[PDB]
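J.: part one of the complex, left exactly where it sits:
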Amino acid sequence: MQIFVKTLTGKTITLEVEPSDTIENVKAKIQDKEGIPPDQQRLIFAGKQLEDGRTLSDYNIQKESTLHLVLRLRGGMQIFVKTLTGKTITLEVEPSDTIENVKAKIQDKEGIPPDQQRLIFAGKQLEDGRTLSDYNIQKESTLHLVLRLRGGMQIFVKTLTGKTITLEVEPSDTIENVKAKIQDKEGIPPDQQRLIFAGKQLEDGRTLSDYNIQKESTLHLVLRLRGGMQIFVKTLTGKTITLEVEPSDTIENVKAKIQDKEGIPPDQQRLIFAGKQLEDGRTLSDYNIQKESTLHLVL
């Protein structure tokens, strides 16, 4: 059947519903159509409230009925959002509300467009697509809002599998800056990255705006099989392995790489080069370790 719902401001709305439907589902339908979450609604029939665990048939609600909707001033959960200016705003949010929703609500309450917003919670940056439940944002939590001026852009970088990451970049950021950001957010050395957009590889010397890359653009990432610098390692059994390294790598890094190659834990790794020990602290540059120089391990 079809029923009508009227507000104190004569906004009549039509709802296609069945008499065997609960009232929380009628509230969910009102949320689908008007965007009013069910916790901020109050439905009244003939002067009586409508309880969520009750059906329309129980209230003798026939066809062409007219319910009355009163909207509340608050919901069950609120968050605080503090600008860099120091102004605190309250938001009526929900555990299912995604970051897109809270950015839209900040726009509603402050006019700040969502493309210029980035939200920080407990040292982490919130990304569009995930909900407050994912980021474990409880009631009365405080999000720090910051603005990406000077051409702030969210770009996505997707590998041949599906592992998509999000990067904050400017049009003037060069492809080398982007590979550096990928190195900082995923660990991939830039000498192993190849970035592609619209089908062509991106040269290290051009900017993002040179390739007409705009907001929400998806760059494809391809991992080389090789880097620029490789070193050889000989196991206690005598097998040789090759590690893709950089001169700025620390002995902890090369020990993690050894753990990836041969599964040996780093505490049982003692590296030797030219009759010397390799302190965990110093880097490969501090040991003059050149490309293709071999190292020996043994405890």
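T.: Structure received. Numbers count the residues shown, from 1 in each chain, chains lettered A, B, ... in the order given.

J.: state the distance from residue A:140 to residue A:132.
T.: To residue A:132, residue A:140 is 12 Å away according to C-beta to C-beta, to the nearest Å. C-beta here means a position set from N, CA and C on the backbone, and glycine is covered the same way.

J.: overlap of the contact sets of these two?
T.: Common contacts of residue A:140 and residue A:132 (C-beta atoms under 8 Å, 6 or more residues apart in numbering): residue A:79.

J.: those two: which has the busier surroundings?
T.: Taking neighbours as other C-beta atoms under 10 Å, residue A:140 and residue A:132 compare with residue A:132 leading, 24 against 10.

J.: what's near enough to touch the closest residue to residue A:90 other than its chain neighbours?
T.: Leaving aside its sequence neighbours, residue A:90 sits nearest to residue A:78 (C-beta to C-beta, 6 or more residues apart in numbering; 5.3 Å). Counting by C-beta under 8 Å, 6+ apart, residue A:78 makes contact with A:90-93, A:139-140.

J.: show me the two of these that sit farthest apart.
T.: When C-beta to C-beta is used, the two most widely separated members of the contacts of residue A:78 are A:92 and A:140, lying 12.3 Å apart.

J.: about what we covered before: go through the contacts of residue A:78 and flag which are in strands.
T.: The members of the contacts of residue A:78 that map onto strands under DSSP state E are A:90-92.

J.: now the buried members of the residues you listed.
T.: Neighbour counting over the ones in strands among the contacts of residue A:78 (16 or more other C-beta atoms under 10 Å) leaves A:91-92 as the buried ones.

J.: okay if I get the ones in strands among the contacts of residue A:78 as JSON lines plus distance to residue A:25?
T.: Listed next are the ones in strands among the contacts of residue A:78 as JSON lines, based on distance: C-beta to C-beta, whole Å:
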{"residue": "A:90", "distance to residue A:25": "29"}
{"residue": "A:91", "distance to residue A:25": "26"}
{"residue": "A:92", "distance to residue A:25": "21"}
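
J.: here's chain B, drop it on:
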Amino acid sequence: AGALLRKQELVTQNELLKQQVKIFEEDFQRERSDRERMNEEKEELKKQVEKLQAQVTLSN
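T.: Next up, chain B placed on what we already have:
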């Protein structure tokens, strides 16, 4: 029947209740502002606790 008297009573109740709704909304807005300011204070105290904890942690 004296419908004018009941009509005027209903209109007076109508305007009074509208004013009451307006007043209660203003009161809720004031309470919300005070709650926001209290959250500002609470965040300042959280920052102070974080600083003191960082000072204590420096003790080895």
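
J.: which residue is it, in chain B, that comes closest to chain A?
T.: Chain B approaches chain A most closely through residue B:36 (4.4 Å), counting by C-beta to the nearest C-beta.

J.: separation between that residue and residue A:8?
T.: Between residue B:36 and residue A:8 the computed distance is 27 Å (C-beta to C-beta).

J.: ditto for residue A:281
T.: 71 Å.

J.: got the residues of chain B near chain A?
T.: When proximity is defined as C-beta under 8 Å from any C-beta of the partner chain, chain B approaches chain A at B:25, B:28, B:32, B:35-37, B:39-40, B:43.

J.: filter those residues down to the buried ones.
T.: B:36, B:39-40 (16 or more other C-beta atoms under 10 Å in any protein chain shown).

J.: next one: the nearest residue to residue B:28 once chain neighbours are set aside from residue B:21, what distance?
T.: Once flanking residues are discounted, residue B:28 sits nearest to residue A:73: 5.0 Å by C-beta to C-beta, 6 or more residues apart in numbering or on different chains. Relative to residue B:21, residue A:73 is positioned 10 Å away (C-beta to C-beta).

J.: okay, the buried ones among the residues of chain B next to chain A in JSON lines with secondary structure next?
T.: Converted to JSON lines, these look like this (DSSP: H, G, I helix; E, B strand; the rest coil):
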{"residue": "B:36", "secondary structure": "helix"}
{"residue": "B:39", "secondary structure": "helix"}
{"residue": "B:40", "secondary structure": "helix"}
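
J.: distance between the helix or strand in which residue B:42 is found and the chain's centre?
T.: Residue B:42 is part of helix B:3-57, with elements assigned from DSSP states H and E. Averaging C-alpha positions (C-alpha atoms, centre = their mean, to the nearest Å) puts helix B:3-57 1 Å from its chain's average.

J.: build in chain C:
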Amino acid sequence: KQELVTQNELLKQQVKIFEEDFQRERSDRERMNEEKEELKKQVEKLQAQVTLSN
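T.: Below is chain C, added to the chains above:
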């Protein structure tokens, strides 16, 4: 006529709902004051710990 009585019942319900929301906001403020006092006590405890350095 009858529309007046309808809107008056609606307004009474709305007054009730708004008073409920105000009371909820005030309860939230009371609890936040409790948390603020707990944070003050924690500041005092950490200051007493800091004093125990030198």
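
J.: please look at the contacts of residue A:78 again, because chain C has been put in.
T.: Contacts of residue A:78 were listed using C-beta atoms under 8 Å, 6 or more residues apart in numbering or on different chains, and they are A:90-93, A:139-140, C:28.

J.: dig out what it forms beta bridges with.
T.: residue A:92 (DSSP bridges).

J.: and residue A:260, helix, strand or coil?
T.: At residue A:260 the chain is in helix, as set by three-state DSSP.

J.: distance check, it against chain C.
T.: According to C-beta to the nearest C-beta, to the nearest Å, residue A:260 and chain C sit 42 Å apart.

J.: next secondary structure after the helix or strand where residue A:165 lies?
T.: Assessed by DSSP H and E, residue A:165 sits inside strand A:164-169. Moving toward the C-terminus from strand A:164-169, the next helix or strand (DSSP H and E) is helix A:175-186.

J.: gap between the closest residue to residue B:49 other than its chain neighbours and residue A:123?
T.: The shortest distance from residue B:49 to any non-neighbouring residue, by C-beta to C-beta, 6+ apart, is to residue C:42 (5.3 Å). From residue C:42 over to residue A:123 the distance is 20 Å, taken as C-beta to C-beta.

J.: any idea how far residue B:10 is from the most centrally placed residue in chain A?
T.: Nearest to the mean C-alpha position of chain A, by C-alpha atoms, centre = their mean, lies residue A:127 at 3.2 Å. In this view, residue A:127 and residue B:10 are 55 Å apart by C-beta to C-beta.

J.: same check on residue A:21?
T.: Using C-beta to C-beta, we find residue A:21 at a distance of 35 Å from residue B:10.

J.: cool, and residue A:161?
T.: 70 Å.

J.: who's more crowded, these two?
T.: Applying other C-beta atoms under 10 Å in any protein chain shown to residue A:161 and residue B:10 shows that residue B:10 carries more neighbours, namely 17 against 7.

J.: the more buried one against residue C:3, yeah?
T.: No: Residue B:10 lies out of contact with residue C:3 (C-beta atoms under 8 Å); the separation is 9.7 Å.
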